[PDB]
Chemist: 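Let me give you the structure first, and then I'll get to my questions.
We use all heavy atoms of the structure for the numbers below, so side chains are in, but hydrogens, waters and symmetry mates are not. Quick note: residue numbers are just sequence positions, from 1. For ligands, and for the atoms within them, numbers begin at 1 and follow the listed sequence.
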Amino acid sequence: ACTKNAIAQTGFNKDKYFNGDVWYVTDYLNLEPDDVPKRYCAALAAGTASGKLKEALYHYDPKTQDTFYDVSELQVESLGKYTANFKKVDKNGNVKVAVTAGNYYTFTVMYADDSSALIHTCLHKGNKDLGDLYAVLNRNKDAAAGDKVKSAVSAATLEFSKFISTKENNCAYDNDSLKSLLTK
Ligand code: HEM
Ligand SMILES: [N+]
């Protein structure tokens, strides 16, 4: 179960965050033990497509090779806080699992600048018991977390030392698919 009401960044700049470009997860913190593997790869694109606020996701388990993409229209709860009903798609946007009630994630941007961000997400998917997940993002897939975002982790009363890095997993991403999925 999720337990955190994450606070969105004061003065969050939505148009800059949702500019159509890609964000890579560089580090993550799952609050519930064993909710996720200790080696993982994830990235997203975020943008407005034909007037609609969208995110495209990519997940890859570098050990098992499990791979999946998603696309969602985000609904607004407040500035920087969204609810996203997701559909599983192949890389070309063909639907594998349709949107359905009870399949949604929340998404809160706690900190962002042009190059880095800190987000919280809570996944709801059928009768799974999933918990809070924080992620440090960067525009550059190889970037070590800088002082702005690490200070934001501290300001959220979290310990960056607990976050797990994705950088040692040989992660390679299809940025073209993520961008094009925004339209799907
Ligand atoms: C931007 C950050 C993230 C968002 C918005 C997000 C969202 C989601 C969504 C929507 C699903 C379900 C997809 C589907 O069934 O179609 C999912 C599944 C999953 N995510 Fe993430 N995720 C993010 C990052 C991560 C990270 C960093 C990990 C670390 C391992 C992770 C681990 C998983 C796992 C293991 C599943 C499979 C759950 C299951 O069905 O048992 N995610 N995520
Ligand atoms: N997740």
Chemist: So for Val97, does at least one of its heavy atoms come nearer than 4.0 angstrom to any atom of ligand 1?
Modeler: no
Chemist: Is there a donor-acceptor contact under 3.5 Å linking the side chains of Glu55 and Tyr105?
Modeler: yes
Chemist: Who's closest to atom 18 (C) of ligand 1 heavy-atom-wise, of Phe68, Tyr69, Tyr134, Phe86?
Modeler: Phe68
Chemist: Starting from atom 2 (C) of ligand 1, what is the nearest protein heavy atom, named by residue and atom, and what distance separates them?
Modeler: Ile119 CD1, 4.2 Å
Chemist: Do the numbers put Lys88 on top of the ring of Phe68, so that NZ or CZ is under 6.0 Å from the six-membered ring centre and no more than 45° off the axis?
Modeler: yes
Chemist: Indicate the ring-plane relationship of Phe163 and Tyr134, choosing parallel, tilted or perpendicular according to the 30° and 60° boundaries.
Modeler: tilted
Chemist: I'd like to check which ligand 1 atoms, numbered from 1 as shown, lie under 4.0 Å from a non-hydrogen atom of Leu44.
Modeler: 1 (C)
Chemist: Would you call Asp114 and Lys16 a salt bridge, taking side-chain N to carboxylate O under 4.0 Å as the test?
Modeler: yes
Chemist: Once you measure the plane-to-plane angle for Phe107 and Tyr17, does it fall in the parallel (<30°), tilted (30-60°) or perpendicular (>60°) bin?
Modeler: tilted
Chemist: Would you mind checking which non-hydrogen protein atom is closest to atom 34 (C) of ligand 1, with the distance to 0.1 Å?
Modeler: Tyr40 OH, 4.0 Å
Chemist: Just by distance, with hydrogens left out, do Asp132 and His120 show a side-chain donor and acceptor under 3.5 Å apart?
Modeler: yes
Chemist: For the NZ atom on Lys54, are there more than 12 heavy atoms of other groups (residues, nucleotides or ligands in this structure) within a distance under 6.0 Å?
Modeler: yes
Chemist: Hey, is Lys128 touching ligand 1 through its side chain, its backbone, both or neither, going by heavy atoms under 4.0 Å?
Modeler: side chain
Chemist: Which protein heavy atom lies closest to atom 35 (C) of ligand 1, and at what distance to 0.1 Å?
Modeler: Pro37 CD, 3.8 Å
Chemist: Kindly write out the residues that satisfy salt bridge (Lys or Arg N to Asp or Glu O under 4.0 Å) with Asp61, not counting sequence neighbours, or none if the list is empty.
Modeler: none
Chemist: Minimum heavy-atom separation for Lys87 and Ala98, please, with both atom names.
Modeler: CB-C, 4.1 Å
Chemist: Under a 3.5 Å cutoff, is there a donor and acceptor pairing between the side chains of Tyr40 and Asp66?
Modeler: no
Chemist: I need the contact type for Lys125 against ligand 1. Using non-hydrogen atoms and a strict under-4.0 Å cut-off, is it side chain, backbone, both or neither?
Modeler: side chain
Chemist: Counting only heavy atoms, tell me which of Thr64, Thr166, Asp70 gets closest to atom 13 (C) of ligand 1.
Modeler: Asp70
Chemist: Atom 21 (Fe) of ligand 1: which protein N, O or S atoms are under 2.8 Å away?
Modeler: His59 NE2
